[PDB]
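Protein chains in written order, with PDB author numbering: chain A, 3 to 244; chain B, 3 to 244. Heads up, the beta-carbon is just placed ideally off N, CA and C, and yes, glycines get one too. Only one structure is covered here, and it is reproduced in the block below.
There are 2 protein chains.
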Amino acid sequence: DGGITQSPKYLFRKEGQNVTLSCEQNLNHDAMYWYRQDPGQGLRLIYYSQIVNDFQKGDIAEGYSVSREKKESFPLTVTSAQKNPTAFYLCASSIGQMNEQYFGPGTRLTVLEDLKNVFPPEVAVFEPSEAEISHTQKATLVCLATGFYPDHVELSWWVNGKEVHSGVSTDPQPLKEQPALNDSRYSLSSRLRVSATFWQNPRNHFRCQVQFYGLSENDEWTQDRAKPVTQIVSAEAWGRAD
Amino acid sequence: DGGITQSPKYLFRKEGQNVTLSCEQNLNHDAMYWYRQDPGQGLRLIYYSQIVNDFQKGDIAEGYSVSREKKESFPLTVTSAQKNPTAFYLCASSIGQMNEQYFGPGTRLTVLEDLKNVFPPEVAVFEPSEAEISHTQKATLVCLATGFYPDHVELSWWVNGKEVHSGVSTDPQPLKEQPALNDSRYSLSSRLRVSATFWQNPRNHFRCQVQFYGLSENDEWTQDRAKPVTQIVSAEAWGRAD
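Set out below in structure tokens:
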């Protein structure tokens, strides 16, 4: 119903490369902000703008630039000058002064030179065990997303075409398949629990969807394998009558 | 949250085939209903159930069967005996008697024997014209879904990973590519309008997603081409700096 739109949840920034994070809002607010979340002090202001064409620096505006040609947009540019390892950027807007700030979904900008390590995930769904069915009258589908790097994914479940939340339990964070190594790829899993009777209808459909935030179409790909571009990887299953 | 969950928005039913439409609710209601919408009298009651194991027929309960083993579910079965061309089925629940009915999203059950005509859609996205950009400072992406049958689709737009609504204009209904013929396949289009500055950021991503409701994994496929199973077909584009 009209909120804030910013850059995708995850982005790649090659060292010494200039990247711009969009941020637009249709709330007709005048005040727009850009924050960076640093492990210690949490959220910290980068740039702030009270009206068109104006911007007041924050304590960490070093290496960043913004513009405010229009009331709706406040694009933040992270220049090669910036030297942060990887951060989380958050955009916001408010009526102005000190009324009330509304926040965007945030964006994690991961900085890395090497690009040969990037891999989209492989996804699978495993049907519930008859044992589970005939003992709790519930059915639990399991989704496994594996072999991806970096950990730039978002998992969701779709039942009969619509996204669902109740009965969904997803790991809080992707885990390294080999914590030992460093060039380790990641895995992530989730469970969807539904009634047994629902799972037993052959017409019901279940889909596990994993959004991978990879390379852009502009990025150059040297390797031979398809470029790990942003994409959707899914796995599905139909209901099975015992 | 909490509501009603029924069968998918669209379903196929081969003539002389038995199909069951699920309907479950976690509102702990006791009264559950099943309606059929016929072009003349609008919504009409098929079956009704006041408590577990009980069901009172409606004026058109001919050809249908229901069960009420549990309080949460009221599955409607459309038997081969049923001879309706194609209808819209709607599930509902209420505290009971005549308190207040809550409705499911409904399901259109399309009846057809020519399963040789079922085809998923092909999807494309067309970039905005520079003319449009440098004249209105707006950018309009266009999505075209073509060659599908039957008209069992749902289209949505995804910007930077999240589904969007503002700036979206989709045709009210899919249209036959050849109204003349009968075995005509369908097409559907939609537009997404965004600011020009937003479209000019190479890091922004735009995806057109079309959910096709096709055959189940259980359904037998005689043809040679891949079976037109339920699936997601997408087309995407990245922002382009003029």
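Within the model, the alpha-carbon separation for residue 23 (chain B) versus residue 139 (chain A) is close to 19 angstroms.
The residue among A:67, A:13 and A:15 with its C-alpha nearest the C-alpha of residue 36 (chain A) is A:67.
Shown here, residue 228 (chain B) sits in coil according to DSSP, grouped into three states, outside any helix or strand.
Exclusion of the five residues before and after residue 154 (chain B) leaves 12 and 215 as the residues of its chain whose Cβ lies within less than 6 angstroms of its Cβ. As the crow flies, the alpha-carbon of residue 99 (chain A) is around 18 angstroms from that of residue 75 (chain A). Straight-line spacing of the CA atoms in residue 60 (chain A) and residue 89 (chain A) works out to 16 angstroms.
When rounded, the separation of the alpha-carbon atoms in residue 52 (chain A) and residue 168 (chain B) is 25 angstroms.
Look at the segment 105-138 of chain B and you find these whole runs of alpha helix (DSSP H), each 4 residues long or longer: 132-138. Between residue 143 (chain B) and residue 125 (chain B), the C-beta spacing is not below 8 angstroms. With its beta carbon at least 8 angstroms from every one in chain B, residue 151 (chain A) lies outside the interface. If the five residues before and after residue 123 (chain B) are omitted, its C-beta is found closer than 7 angstroms to the C-beta atoms of 147, 148, 149, 150, 155, 212, 214 and 235, all from its own chain and listed in chain order.
Rounded to the nearest whole angstrom, the C-alpha separation of residue 159 (chain B) and residue 57 (chain B) is 42 angstroms. Residue 199 (chain B) carries a helical assignment under DSSP once its states are collapsed to helix, strand and coil. Secondary structure at residue 207 (chain B): strand, using DSSP grouped into helix, strand and coil. At a cut-off of 8 angstroms between C-beta atoms, residue 73 (chain A) does not count as an interface residue with respect to chain B.
In the structure shown, residue 83 (chain A) adopts coil according to DSSP, grouped into three states. Per DSSP, the continuous beta strand (DSSP E) segment holding residue 48 (chain B) begins and ends at 44-51. A contact between stretches requires three or more CB pairs, one per stretch, nearer than 8 angstroms, and the segment 108-118 of chain B meets this requirement with the segment 14-22 of chain B. At a cut-off of 8 angstroms, the C-beta of residue 111 (chain A) has no neighbouring C-beta in chain B. Secondary structure at residue 149 (chain B): strand, using DSSP grouped into helix, strand and coil. When the Cα atoms are used, residue 102 (chain A) and residue 29 (chain A) turn out to be separated by approximately 12 angstroms. Beta-bridge pairing by DSSP links residue 192 (chain B) to B:145 and B:172. The Cβ neighbour count for residue 206 (chain B), taken over all protein chains shown within 10 Å, is at least 16; the residue is labelled buried. Interface annotation, residue 102 (chain B): not in contact with chain A, CB-CB separation never under 8 angstroms. Cα atoms of residue 62 (chain B) and residue 174 (chain B): separation of roughly 30 angstroms, rounded to the nearest angstrom.
Residue nearest to residue 49 (chain B) within the set B:33, B:131, B:166 and B:9 is B:33 (criterion: CA-CA distance). Nearest in C-alpha terms to residue 136 (chain A), of all of A:204, A:243, A:6 and A:186, is A:243. In this structure, residue 171 (chain A) places its C-beta atom within 8 angstroms of the C-beta atom of residue 193 (chain A). Using a CB distance cut-off of 8 angstroms, residue 168 (chain B) counts as an interface residue toward chain A. Around the Cβ of residue 8 (chain B), a 10 Å sphere holds 16 or more other Cβ atoms; the residue is buried. Here DSSP, grouped into helix, strand and coil, assigns residue 57 (chain A) to coil. Residue 237 (chain B) is positioned such that its CB atom lies no closer than 8 angstroms to that of residue 93 (chain B). At a Cβ-Cβ threshold of 8 angstroms, residue 70 (chain A) and residue 80 (chain A) do not count as neighbours.
Within chain A, the C-beta atoms nearer than 9 angstroms to that of residue 163 (chain B) come from 10, 11, 12, 107, 156, 213, 215 and 232, in chain order.
Assignment of beta-bridge partners to residue 36 (chain A) by DSSP yields A:49 and A:93. A distance below 7 angstroms between beta-carbons, with the five flanking residues on each side excluded, links residue 196 (chain B) to the following residues of its chain, in chain order: 141 and 169.
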